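Engineer: Quick one: this structure, given as structure tokens, is what I'll be asking you about.
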Amino acid sequence: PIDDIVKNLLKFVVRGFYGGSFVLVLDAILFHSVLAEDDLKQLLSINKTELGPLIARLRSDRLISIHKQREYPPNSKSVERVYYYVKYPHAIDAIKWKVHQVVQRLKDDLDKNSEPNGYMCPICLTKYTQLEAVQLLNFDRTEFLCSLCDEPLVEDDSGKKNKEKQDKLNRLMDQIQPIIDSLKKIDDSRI
Amino acid sequence: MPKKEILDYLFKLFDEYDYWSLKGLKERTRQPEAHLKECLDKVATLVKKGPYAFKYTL
Amino acid sequence: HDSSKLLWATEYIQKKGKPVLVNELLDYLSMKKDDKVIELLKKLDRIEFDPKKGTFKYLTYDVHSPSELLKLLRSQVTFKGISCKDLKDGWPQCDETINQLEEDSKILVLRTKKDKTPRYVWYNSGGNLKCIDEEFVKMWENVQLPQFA
Amino acid sequence: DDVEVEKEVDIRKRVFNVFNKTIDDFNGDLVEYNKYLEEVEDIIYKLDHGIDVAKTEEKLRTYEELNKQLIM
Amino acid sequence: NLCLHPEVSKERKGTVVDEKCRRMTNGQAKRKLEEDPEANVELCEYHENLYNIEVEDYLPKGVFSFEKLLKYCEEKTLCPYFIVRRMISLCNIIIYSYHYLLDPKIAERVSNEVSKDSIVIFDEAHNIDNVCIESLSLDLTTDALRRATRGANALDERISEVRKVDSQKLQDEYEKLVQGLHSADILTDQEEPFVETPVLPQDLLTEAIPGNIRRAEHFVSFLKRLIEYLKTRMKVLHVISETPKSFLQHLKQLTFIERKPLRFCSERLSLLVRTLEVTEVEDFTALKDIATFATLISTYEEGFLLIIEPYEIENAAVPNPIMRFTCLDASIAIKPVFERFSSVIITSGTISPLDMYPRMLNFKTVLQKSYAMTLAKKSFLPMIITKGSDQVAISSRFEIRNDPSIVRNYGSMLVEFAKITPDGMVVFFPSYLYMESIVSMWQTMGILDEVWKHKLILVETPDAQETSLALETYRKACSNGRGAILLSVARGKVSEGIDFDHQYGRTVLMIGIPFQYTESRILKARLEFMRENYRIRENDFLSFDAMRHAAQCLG
Ligand code: SF4
Ligand SMILES: [Zn+2]
């Protein structure tokens, strides 16, 4: 049902923004509900160092939880397993807001390339504010000269990079398109 | 070590021990390793895994 | 020894590139004169030493196809997975097959470049999802997530 | 995505931008439209990749003239 | 099903066999053997002799069945397909399935001489509307776009590489576009056509020019723009419902192709491909299916709905999206059947109720007479097994999985019948996905353990040859002394045409009532149109077809 879509939900984040092996760690969580780290090390034949941070990416993004599988074997030795638990509802929390902010960020570069803010004297290697500007424009002048070069400036943050960001915005929506409603598909049940 | 000589000598060694460790066979040869290894490439069939790991076979 | 001379003669069948005569094969080696080599060549599947005149012609994880390799991934759901070794032993050039059965159809793990893709046997569904820009990879994981509360 | 064919839109769009005065749909006749479509394909496709774009720049010269026809 | 050449008969899929014979003798390929000898093009050797001796008269006096026609044509070096395909104009009675009277890609050989003044009988006509739904349906997948991009790129080389081969042959077909819809050599052919037309039989297609896409190079221009536009329309956020006319409008702004020119893709592709004498078709198979969609999108509207689910719900949240398009009103293909026909008969022993058929398909009946089996002996016991050994209500509506409160009762039902029932037992599960968990979990417990020893069980499988091998070894067991049981699917292929005599079936079990709600909202979108265009609700439509499917299996 819905939780199965949550099972498949994290696959979207894992197989898109990460490498191929990252789902191989996630797949093992769905493979065994109590996923022993020592076993998952053997399953993909990756050493202790190579498998370590892979769980952390699933842990940090609220996708997995390495549950401290402390238990007492027959030998009475310090037995510990990083049981990669699947915290399904909390991983939803991580994917939900991460889609939220990135749409804003790509918008930000658009507005910045539509409102020139500063100036620059590329001859004297000096950038100017408009207030800096209004100090060296002469009443006999139409562009604010400099004080080290006594030369006009250039407008800063013009609109030649404006069109760059819209593709990033459009690529953001078209690539996050599979993810947005996949969260809302789960959020219908809120489980 | 000639290829025929390698073919006969390695088979003479393989008849003694074809299922022998790949390090042990070379020390039993101690010659320019290209000849002994090459004879293992056609006059033997490599088994990397199993109890007879790295052991010549046919 | 019988095997050594027989091996050199049988290896000579494919090396010559010609179906040389039954006897003329022996004189090329000039040392192999036993009948076991002829018996082995007659017993050789690769060396088609048929009833006709002398004819010297060359020839575990039986999953030799992405269809069969996909079945192997299907057999290892919630189960363990061999890396790449017997896979290429029963099927030469698995790595091209891995890319051809891309998007979780040959779902491997490119462990290293010089390792000849030391793969992993795992079974995903869509697998690839490569259209995500690596900038969105940069933009996805720079997010500070609220903790328990 | 065959970036040679990516320029096909720009060549086609320039006809849609500057050379829109060409009589394809406003004339009404199917024979005139069909000849216009073949003429449109003659200009745009050569201007698309440019394997023989020596009259295509001249087609641009006519297209700019068509723009003046729209302009004047 | 009627090929006799050993080279062609090896392949399993019909289209590959159909392609091999067609490429064996094609309007543009078979000419390259007679005029110039080559090993690249072979001969059917049975269409060859049919081309010489068979098309001069009719078959001597036999009324050939499938078994009889196969035997006769084998010895007389003839292929039975090319006989009966030609025999349309000569058969006083014509024998073919529902598709070749309804499916638009194959029903282009229909003859008015055998259609105007004839009498039409629809056998087992209960499953008539469901077939029509598939006729205007098509899916897509992210894998297919990679093939579609392959076809888009590979044909781009194909049309250009032949340009240096014969450029005037390229342009000669361009002047064939201004004159008309290529009627002289797109419809008056024996073998030439390669691209099928999903539209109605040529009546719903204008003959005007397909825009300014005449040029081979300019054909690449709009092809690569439209393929990119559909990919972002293939990676849609979720299932979105837009009228297919609106899809053209959104296409019109992103890729300016007018609706009338886009209707001409089907006759365009055959006009262009024929010029290139193409030799490799594997990556070009995607071209015919996408262009089939292109003809459909520009022609059908306000009766259907476009949907794009980003994944399959059973394997959700994956990059496996679909360009879902399915038929909502089956009557668009149904009505032109009644438009020309004068004598029509619809008869089926499983149609129940009998009243929604005229309202669903919009056709005129006069004699609605029902028949009851009047016999001096019962001979049949329809059962309503609501309660089992536990006396607990049994069904499959609750879930599509297994549960100890339910599965132990159904298995106990199967074993108890296995002890007593005589040879021949056929069951029809609601779905094949349902049964896979049913049998495997049945194997976990010892419930089948006694079922193992009672009778002989052969299972329905996705591959048709194996199931036919399974079924051919079912009937022989039933006729033989040992008892046998067959398990199948209500929506499976067995319920379509299979018969069971005395031995082949004595006690049939029906696990629940089959509801087809398991799939995505495609059917929910389909069901909405039935609710407003017609006065048939979800409840009335669901149970009446489910029992129709139930009554289809029982008889
Ligand atoms: S010639 Fe006839 S029998 Fe032979 S492959 Fe073609 S259709 Fe089949
Ligand atoms: Zn300065």
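Residue numbers (the deposited numbering), protein chains in the order written: chain W, 4 to 194; chain R, 294 to 351; chain X, 123 to 181, 183 to 272; chain 3, 74 to 145; chain 0, 113 to 667.
We treat Cβ as the ideally placed atom computed from N, Cα and C, and that holds for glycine.
1) Consult DSSP for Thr459 (chain 0) and reduce its assignment to one of helix, strand or coil.
2) Does DSSP classify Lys71 (chain W) as helix, strand or coil?
3) Are the Cβ atoms of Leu317 (chain 0) and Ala445 (chain 0) separated by less than 9 Å?
4) Classify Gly204 (chain X): buried if its beta carbon has 16 or more other beta carbons within 10 angstroms, exposed otherwise.
5) Any idea if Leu181 (chain 0) is buried or exposed, counting beta-carbon neighbours within 10 angstroms, 16 or more meaning buried?
6) Could you tell me whether any Cβ in chain W is nearer than 9 Å to the Cβ of residue 669 (chain 0)?
7) Strictly below 7 Å CB to CB, what residues from chain W border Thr344 (chain 0)?
8) What are the start and end residues of the alpha helix (DSSP H) that includes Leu192 (chain X)?
9) Quick one: is the Cβ of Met136 (chain 0) within less than 8 Å of any heavy atom of ligand 1?
10) Thinking just about the alpha-carbon of each residue, which of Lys588 (chain 0), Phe541 (chain 0), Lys531 (chain 0), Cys590 (chain 0) is nearest to the one in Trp564 (chain 0)?
11) Can you tell me whether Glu154 (chain W) sits near ligand 2, meaning its C-beta is under 8 Å from at least one heavy atom of the ligand?
12) Enumerated in chain order, which unbroken segments of the alpha helix (DSSP H) with a length of 4 residues or greater are wholly contained in the segment 265-353 of chain 0?
13) Report the rounded CA-to-CA distance for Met199 (chain 0) versus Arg134 (chain 0), giving the unit in angstroms.
14) In terms of residue numbering, what span does the beta strand (DSSP E) encompassing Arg436 (chain 0) cover?
15) Can you name the residues of chain 0 whose CB is closer than 8 Å to the CB of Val82 (chain 3)?
16) Grab the span of the beta strand (DSSP E) containing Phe234 (chain 0) for me, first residue to last.
17) To the nearest whole angstrom, what separates the beta carbons of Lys158 (chain X) and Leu128 (chain X), a pair I think is in contact under 8 Å?
18) Determine whether the Cβ of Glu226 (chain X) lies closer than 9 Å to any Cβ atom of chain 0.
19) Using 8 Å as the cut-off, classify the Cβ of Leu171 (chain 0) as near or not near the heavy atoms of ligand 1, replying yes or no.
20) Could you spell out the range, first to last residue, of the alpha helix (DSSP H) harbouring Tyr88 (chain W)?
21) Per the DSSP calculation, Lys348 (chain R) is bridged to which residue(s)?
22) Given 8 Å as the limit, tell me if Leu143 (chain 3) has its C-beta closer than that to any heavy atom belonging to ligand 2.
23) Is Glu111 (chain 3) close to chain 0, meaning its C-beta is less than 9 Å from at least one C-beta of that chain?
24) Just how far apart, CA to CA, sit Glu650 (chain 0) and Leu639 (chain 0)?
25) Could you have a look at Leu418 (chain 0) and say whether DSSP puts it in helix, strand or coil?
26) Contact defined as beta carbons within less than 8 Å: I believe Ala141 (chain 0) pairs with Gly263 (chain 0). What is the distance between those atoms, to the nearest angstrom?
27) Should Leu140 (chain W) be listed as close to ligand 2, given that the test is whether its C-beta is under 8 Å from any heavy atom?
28) For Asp241 (chain 0), tell me which candidate among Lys122 (chain 0), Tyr469 (chain 0), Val478 (chain 0) has the shortest Cα-Cα distance.
29) Hey, how far is the Cα of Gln107 (chain W) from the Cα of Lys347 (chain 0)?
30) For the alpha helix (DSSP H) containing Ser600 (chain 0), list its first residue and its last residue.
31) Could you list which residues in chain 0 have their beta carbon closer than 7 Å to that of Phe15 (chain W), in chain order?
32) Using a Cβ-Cβ distance under 9 Å, would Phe347 (chain R) count as near chain X?
33) First and last residue of the beta strand (DSSP E) that includes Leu570 (chain 0)?
34) Which first and last residues belong to the alpha helix (DSSP H) in which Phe178 (chain X) is found?
35) Just the chain W side, please: which residues come within less than 7 Å of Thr201 (chain X) by C-beta, in chain order?
Structural biologist: Concretely, from the data shown:
1) If DSSP states are grouped into helix, strand and coil, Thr459 (chain 0) belongs with the strands.
2) DSSP places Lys71 (chain W) in strand when its eight states are reduced to three.
3) The beta carbons of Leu317 (chain 0) and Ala445 (chain 0) sit no closer together than 9 Å.
4) Buried, because 16 or more other Cβ atoms sit within 10 Å of the Cβ of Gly204 (chain X).
5) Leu181 (chain 0) is buried by the Cβ-count criterion.
6) Chain 0 is shown only over 113 to 667; residue 669 (chain 0) falls outside these bounds and no answer can be derived.
7) Within chain W, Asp177 have C-beta atoms less than 7 Å from the C-beta of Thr344 (chain 0), given in sequence order.
8) If you look at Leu192 (chain X), you'll find it in the alpha helix (DSSP H) that goes 189-198.
9) It does: the Cβ of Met136 (chain 0) is within 8 Å (strictly closer) of some heavy atom of ligand 1.
10) Closest in alpha carbon position to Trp564 (chain 0), among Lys588 (chain 0), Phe541 (chain 0), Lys531 (chain 0), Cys590 (chain 0), is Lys531 (chain 0).
11) Correct: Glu154 (chain W) has its Cβ closer than 8 Å to ligand 2.
12) Qualifying alpha helix (DSSP H) stretches, in chain order: 279-284, 287-291, 295-298, 328-344.
13) The C-alpha of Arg134 (chain 0) is placed about 19 Å away from the C-alpha of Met199 (chain 0).
14) Taken as a continuous stretch (DSSP letters only), the beta strand (DSSP E) holding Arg436 (chain 0) covers 436-438.
15) For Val82 (chain 3), the residues of chain 0 that pass the 8 Å Cβ criterion are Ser333, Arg337, in the order they occur in the chain.
16) Run containing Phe234 (chain 0): 231-235, per the beta strand (DSSP E) assignment.
17) With 8 Å as the limit, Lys158 (chain X) and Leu128 (chain X) qualify as a contact, their Cβ atoms being about 6 Å apart.
18) Interface residue, yes.
19) Not under cutoff, so the answer is no.
20) Counting along the chain, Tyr88 (chain W) falls outside any alpha helix (DSSP H), though it belongs to the beta strand (DSSP E) covering 82-88.
21) Answer by DSSP bridge pairing, in chain order: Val340 (chain R).
22) Relative to ligand 2, even the nearest heavy atom lies 8 Å or more away from the CB of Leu143 (chain 3).
23) Yes, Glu111 (chain 3) counts as interfacial toward chain 0.
24) The straight-line gap from Cα to Cα measures roughly 7 Å.
25) Under the three-state reduction of DSSP, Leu418 (chain 0) is assigned to strand.
26) The Cβ separation is near 20 Å, so there is no contact.
27) Result no, Cβ not under 8 Å from ligand 2.
28) Considering only alpha carbons, the answer is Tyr469 (chain 0).
29) Approximately 22 Å, taken between the alpha carbons.
30) Premise fails: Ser600 (chain 0) lies in the beta strand (DSSP E), 596-601, not in any alpha helix (DSSP H).
31) Simply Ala429.
32) Taking Cβ atoms only, chain X never reaches closer than 9 Å to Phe347 (chain R), which makes this a no.
33) Its beta strand (DSSP E) spans residues 568-571.
34) Premise fails: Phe178 (chain X) is in no alpha helix (DSSP H) and is neither H nor E.
35) Those are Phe34, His35, listed as they occur along chain W.
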